[PDB]
């Protein structure tokens, strides 16, 4: 599986962890320049395989397009109590401040939508922003967002694209952790293409 020349392996064991996760799908974060689509990042979604399929039986038989059209499907995916991983490969370079700043806005927007941007979430999110501000994210850099459970989140970064031995940072706040997963798989996702690919992967896995 490749996205803009970037290979996504069929399985990944997250940094510092023991359980192997399987590729559900991959897409891109695109932006527009005068209607021209520009790829900024490649995004791959991984989860416990036979396991998550056991939380998605109601979707068996549905085509990828049928799943794309049901927000309840992605809600099920987001809420499923299994390990998940998002692997990001940077295509166009970001300063750490830029990537963290963009990510902060998407998360703040989601938390506001839920009326959950209180002091605890604001402080947790600021720690996540500051984490990225200390990083540089040139082309080829990778980010691993690992949710061992829906309420927890571990982050690691690698400039050269290699798999870190261990996770570097943790988001302890459950609402911030959930909101970040929504950046990728929520209704207001930064990557409809990733969602479409995940729907295709899950449709195939179920049948």
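Numbering follows the first chain given and starts at 1.
**Student:** Mean CA B-factor: is it higher for 70-78 or for 99-107?
**Tutor:** Between 99-107 and 70-78, it is 70-78 that shows the higher mean C-alpha B-factor.
**Student:** Comparing 122-130 with 89-97, where is the mean C-alpha B-factor higher?
**Tutor:** The recorded data point to 122-130.
**Student:** Which of these has the highest Cα B-factor in the record: 27, 138, 30, 161?
**Tutor:** It is 161.
**Student:** From 41, 156, 152, 35, can you pick the one with the highest C-alpha B factor in the entry?
**Tutor:** When the deposited C-alpha B-factors of 41, 156, 152, 35 are compared, 152 is largest.
**Student:** Select lowest, middle or highest to describe the third in which the CA B-factor of residue 13 falls within its chain in this entry.
**Tutor:** Its C-alpha B-factor belongs to the middle third of this chain's values.
**Student:** For residue 176, does the deposited CA B-factor place it in the lowest, middle or highest third of the chain?
**Tutor:** It belongs to the middle third of the chain when residues are ordered by C-alpha B-factor.
**Student:** Among all modelled residues of this chain, ranked by Cα B factor, put residue 47 in the bottom, middle or top third, i.e. lowest, middle or highest.
**Tutor:** Answer is middle: the recorded C-alpha B-factor places it there.
**Student:** Ranking every modelled residue in this chain by its Cα temperature factor as given in the entry, which third contains residue 56?
**Tutor:** For residue 56, the deposited C-alpha B-factor lands in the highest third.
**Student:** Taking the C-alpha B-factors as the PDB entry records them, is residue 191 in the lowest, middle or highest third of its chain?
**Tutor:** Ranked within chain, residue 191 CA B lands in the lowest tercile.
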